[PDB]
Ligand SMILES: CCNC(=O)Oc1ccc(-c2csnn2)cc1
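Listed next as structure tokens is one chain, alone, in the form solved without this ligand.
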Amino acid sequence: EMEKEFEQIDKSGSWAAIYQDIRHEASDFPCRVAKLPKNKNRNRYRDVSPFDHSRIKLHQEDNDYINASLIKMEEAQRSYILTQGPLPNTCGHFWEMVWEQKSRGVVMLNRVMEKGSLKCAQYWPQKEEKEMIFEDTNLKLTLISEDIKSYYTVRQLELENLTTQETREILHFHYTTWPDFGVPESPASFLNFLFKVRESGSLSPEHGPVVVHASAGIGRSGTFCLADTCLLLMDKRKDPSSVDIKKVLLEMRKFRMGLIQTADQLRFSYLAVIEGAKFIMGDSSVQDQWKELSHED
């Protein structure tokens, strides 16, 4: 059981050892297409590459590469696309992927500039009168509206294919206070955000997989996806306590390398699932408590 395990590891002070065991047991698959010379400028980091078997392929005959992976969680019946923060030359590819994969939501867990360094490109328009045209892929992106909160921002974007004139509404969920290789302020602030993404309809199987990213799209992204998947599993299993977080993370790591980058991010995933379990059990009032403790207003 996860709660008794959490307390046992917290008392022993063995979080570093538990996380190092997951890293040792983690899958190792080829990333041949990612390491190809022509794809060097399409990768933000040399040590973060998608596996060939799970990589997302663009529908262009020229070069189908994008540093993105499809996490297919079979039992939980949910899929996520984890990608890197797009580079100045891959912003068109990013939106081409969103279009082709029919994604309705994009979850951003980082900031454009963290500690005076560019971690992600400004891939979306900041002003509504200033739309962005990606000439390479023939796509137009316009900011419709934005709801700014204390630690997160929800944006309504319009994505248009200029060849067909087809229009789609994309929701952009931006967590603005999650530092690199860090954890959120509290389980309440994380869960309030996760449930806002859930209630929007962006995670529905009627749409394509949600795009989740950070700078590399492995650390903060892995924490978000692990918490979401573990909460989904304890709803349909009829035995909530049968969910093993470490096993779910190893299953996720079969699709993209290095999901969850620190021992504290793993510990936080436990805290997030234990606190989130209260809502899944039937107590509706805990969602209202998360809204108060998150300090969104």
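Note that residue numbering follows the sequence shown and begins at 1.
If you look for the form solved in complex with this ligand, you will not find it shown, but the lines that follow are about it.
Site status: blocked, since this ligand, placed here by C-alpha superposition from its pose in the entry with it bound, has 3 or more atoms within 2.4 Å of backbone or C-beta atoms. Interface membership of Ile56, defined by any non-hydrogen atom within 4.5 Å of this ligand in the entry with it bound, is ruled out. Shown without its partner, the chain has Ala188, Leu191, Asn192, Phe195 in segment 178 to 207 as residues with a non-hydrogen atom within 4.5 angstroms of this ligand in the entry with it bound.
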